[PDB]
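As a plain string of letters, each chain reads:
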Amino acid sequence: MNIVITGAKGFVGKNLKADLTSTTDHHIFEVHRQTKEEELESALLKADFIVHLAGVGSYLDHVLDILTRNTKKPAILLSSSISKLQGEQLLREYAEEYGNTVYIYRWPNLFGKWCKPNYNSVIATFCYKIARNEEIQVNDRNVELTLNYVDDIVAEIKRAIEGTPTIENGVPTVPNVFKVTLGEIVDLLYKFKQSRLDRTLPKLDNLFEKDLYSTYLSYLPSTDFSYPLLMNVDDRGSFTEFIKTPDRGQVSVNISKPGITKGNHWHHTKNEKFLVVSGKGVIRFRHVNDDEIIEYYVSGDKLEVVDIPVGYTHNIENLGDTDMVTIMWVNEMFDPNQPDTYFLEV
Amino acid sequence: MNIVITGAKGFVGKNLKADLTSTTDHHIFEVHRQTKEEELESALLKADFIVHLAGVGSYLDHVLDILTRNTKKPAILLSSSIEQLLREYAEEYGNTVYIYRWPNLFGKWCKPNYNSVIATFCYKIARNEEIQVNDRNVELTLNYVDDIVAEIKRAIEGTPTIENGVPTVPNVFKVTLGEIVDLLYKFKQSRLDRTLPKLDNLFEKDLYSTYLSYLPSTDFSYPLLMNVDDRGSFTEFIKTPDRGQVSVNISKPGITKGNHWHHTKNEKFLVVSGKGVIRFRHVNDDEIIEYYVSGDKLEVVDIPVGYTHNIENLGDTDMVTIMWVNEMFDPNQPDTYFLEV
Ligand SMILES: C=C(C)c1ccccc(=O)c1O
Ligand SMILES: C=C(C)c1ccccc(=O)c1O
Ligand SMILES: [Zn+2]
Ligand SMILES: [Zn+2]
């Protein structure tokens, strides 16, 4: 199928173009302000489907006029919004005079990667500014925004292309509409930034937050994709926290130099998992009231997880000639009021 | 203080004993069935606080009778469940008596195939043994041993938890057998699917730690699946529906991996052993951005959407990278496109 995308260099166009050329065999005719009038016409008259992303307005009228001479009666997709609605009745009359299926959508504000900041998306501007430690302006935190993520826009458009749009009360409607306050948005973005300092992760079964997180990351300066962890270092090795959550535990990285033993503690309720990913050694266990010592000989050649059960004192020792690197998951963030850690030599 | 724990070899006793000797300077007098009558009496008459764990009955009456001759009028703590007489004792001899009404209890060090159905389920389930559930809808009322211990320590210091004028251990749980069993089978099945329990659910958190204490000594570890080839390996470690997934990538010397991008999926790389480079290119651009990283200096590299990226080992040894991804792999939305940086 020959698919024309007008406004193809825009936020949505670029997203759609990349997707269609990645996931279909359709011939994409990009139209934009560098297109010559000849190639606009040529493309329109060959078209099977027209995805119109530029405004309603004189440009569209011109595109529509050319399409009256396209003998295949290609379907046309556009959005009438800008919160005002323009041109709708005229476009229904066009569809009915010339036959073309015309899908009029009423897209709300949009967000996602590749949207130009300091232009006409407030979320692009907040992401851009916040990632660059630039001051933002929030007149009122309680303003509600109605939003669609670009992936859903793209997917709804693809569904229309293959003849199965999403209809609601007799109107094409992209799903996964989000209704959120500015204050909730801004708070999430500042949270994403602060997480490089506190190691926390977003809540990724919240669809809006998930979408916004990926969006925010696309605005990072090229020089800013990495960030330092805090390596607590001494002549025994190091210990470095990587990620913390309130509900799925915390992962850290322990490193022990040759000949080094660490640990010799137990808890009542706190528990861990060790996974040795480089080097070799031994994890030892003893029941607080017993003398039986249980040893697990482990190494990065064979990845196995060792649960650290409660009520056992345990230590970990490097038995090789290189650094021994262990990933260490713990069931809960450290709480100064309930450290739940007791020193006892295995 | 001199603190007597009757029934000290029991489930609660052993828990309490280990805690008190770990977090206080108090002199603990364990009494139990190996205590001689002389040592019972001696200990009781010296006592400042009596934590009675053997429950009500002729044994307790005998303990109470001895304590009428303890000049210091020590406080006494017990649980009446399985009363008026004990209120009358307190009022005749002066001693502060805390009557609790503990429901069923669970936690580590409880003897299985005995008096605790949760101990039995943990024990059995960890050993791949058949369990009996007559009715899944039976509701159990429960306290975790840590809360029992803590409430007792609070009473020792003179500040118990009172409700409707009765000592009550908090964090009472009300749960069906079916919910308990389903969580335990889940904990086991997680060794196969890499998932983690929901640890801001207090009961599930407590139960998870409890379950782990029942693992056979030979069963503390479990294999991960190392997808291995001549380039290295890739091994999933942990998966969650809400905080992403962590895996371990290993590349041999000279090896490049990746050269893909996503729309919405994203990752974090953390090189913990060896050294190399993580590369990035915007899908519509030619600018290649490179991050030179190694295990000598732990830094996280976010993998942002809309950039194709690869990772290459530039050293002598295996290059070990921990890789967090924002979502479990979904066959209907793999959201991964091959593109050479
Ligand atoms: C709980 C931590 C941070 C830790 C760290 C290093 C080595 C052995 C341990 O058992 C351990 O618990
Ligand atoms: C998403 C995974 C599993 C992965 C694994 C190895 C190397 C490089 C990658 O970019 C990567 O995405
Ligand atoms: Zn530990
Ligand atoms: Zn990747």
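Residues numbered from 1 in each chain as written, not as in the entry; some residues may be left out. Chains lettered and ligands numbered in written order. Heavy atoms only, no water.

Engineer: Help me get a handle on the domain arrangement of chain A, residues and values and all.
Structural biologist: Residue and element names in this part refer to chain A. Annotation of chain A at the domain level lists domain 1 (1-227) and domain 2 (228-346). Taking only C-alpha atoms, the centre of domain 1 and the centre of domain 2 are 48 Å apart. Carbon and sulfur atoms make up 56% of the area that domain 1 and domain 2 hide from each other, which totals about 680 Å². When the area that domain 1 buries against domain 2 is broken down by residue, the three leading residues are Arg199, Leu201 and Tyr227, summing to 83%. Applying the counting rule to domain 1 against domain 2 returns zero salt bridges. If you look at where domain 1 meets domain 2, you find two residue pairs in polar contact. A class-by-class count of the residues in the side of domain 1 that touches domain 2 yields two nonpolar, one polar and three charged. (Domains from an automatic or database assignment. Buried area = accessible area lost by both parts, 1.4 Å probe. Salt bridge = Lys/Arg side-chain N within 4 Å of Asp/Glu carboxyl O. Polar contact = N/O pair within 3.5 Å; in protein donor to acceptor, adjacent residues only side chain to side chain. Nonpolar A, V, L, I, M, F, W, Y, C, P; charged D, E, K, R; others polar.)

Engineer: Before we move on, can you summarise the sheet that holds strand β5 (residues 102-105) of chain A with the specific residues and values?
Structural biologist: Residue and element names in this part refer to chain A. Reading across from one edge, β2-β1-β3-β4-β5 is the order of the five strands in this open sheet, with parallel pairing throughout. In this open sheet, the two edge strands, each paired with only one partner strand, are β2 (27-30) and β5. This sheet shows a mean twist of 15° between the axes of neighbouring strands, independent of strand direction. Judged from the three bridges that link them, strand β3 (residues 49-52) and strand β4 (residues 75-79) form a sheet pairing that is parallel. Directly across from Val51, in β4, lies its bridge partner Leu77. The strands that helix α4 (residues 88-98) touches are β4 and β5; relative to β5, the one it contacts most, it runs at about 165°. Packing against the sheet, helix α6 (residues 150-161) makes contact with β1 (2-6), β3, β4 and β5, and its axis sits at approximately 155° to β3. (Pairing = 2+ DSSP bridges. Helix = DSSP H or I, 4+ residues; strand = E, 2+ residues; numbered from the N terminus. Axes fitted to C-alpha atoms, helices over the stretch in contact; angles between N-to-C directions. Contact = heavy atoms within 4.5 Å.)

Engineer: Got a sec to walk through the sheet that holds strand β7 (residues 139-144) of chain B? Specific residues and values, please.
Structural biologist: Pairing between the strands of a sheet is mediated by backbone hydrogen bonds and can be parallel or antiparallel. All names here are of chain B. As summarised here, the arrangement of the three strands in space is β6-β7-β8, forming an open sheet in which the pairing is mixed. Across the chains shown, the open sheet's two edge strands, defined by having one partner strand only, are β6 (104-106) and β8 (173-176). Pairs of neighbouring strands in the sheet enclose a mean axial angle of 50°, with direction left out of account. Pairing of β7 with β8, which is carried by four bridges, proceeds in the antiparallel orientation. Considered in β8, the bridge of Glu139 is made with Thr176.

Engineer: Any chance you could break down the coordination of the zinc ion (ligand 3) for me, citing the residues and the numbers?
Structural biologist: Residues and elements named next belong to chain A. Protein coordination of the zinc ion (ligand 3) is provided by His265 (NE2), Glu272 (OE) and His314 (NE2), with donor distances spanning 2.4 to 2.5 Å. Mapping the donors of the zinc ion (ligand 3) onto the primary sequence yields the spacing H-x6-E-x41-H. Remark: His314 occurs in strand β18 (residues 312-318) and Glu272 occurs in strand β14 (residues 272-278); sequence separation between them is 42 residues. A residue is classified by how much of its surface remains accessible, and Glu272, at 8% relative accessible area, is buried. (Donors = N, O, S within 2.8 Å, 3.2 Å for Na, K, Ca; no water. Buried < 20%, exposed > 50% of the residue type's maximum accessible area, 1.4 Å probe, protein only.)

Engineer: For the site of ligand 2, give the residues involved together with the corresponding values.
Structural biologist: All names here are of chain B. Every residue near ligand 2 is listed here: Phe234, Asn249, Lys257, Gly258, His260, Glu267, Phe269, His309, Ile311 and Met323. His260 places a polar side-chain atom, nitrogen or oxygen, 2.8 Å from an oxygen atom of ligand 2. In this structure, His309 approaches ligand 2 through a side-chain N or O atom, which is 3.4 Å from an oxygen atom. Taken by itself ligand 2 offers 310 Å² of open surface, and the protein chains cover 79% of this. Elements with a minimum of two residues in the shell around ligand 2: β13 (256-261), β14 (267-273) and β18 (307-313). Per-element tally for the shell around ligand 2: the top contributor is β13, with three residues. (Near = heavy atom within 4 Å. Areas by Shrake-Rupley, 256 points an atom, 1.4 Å probe, with all protein chains shown as cover.)

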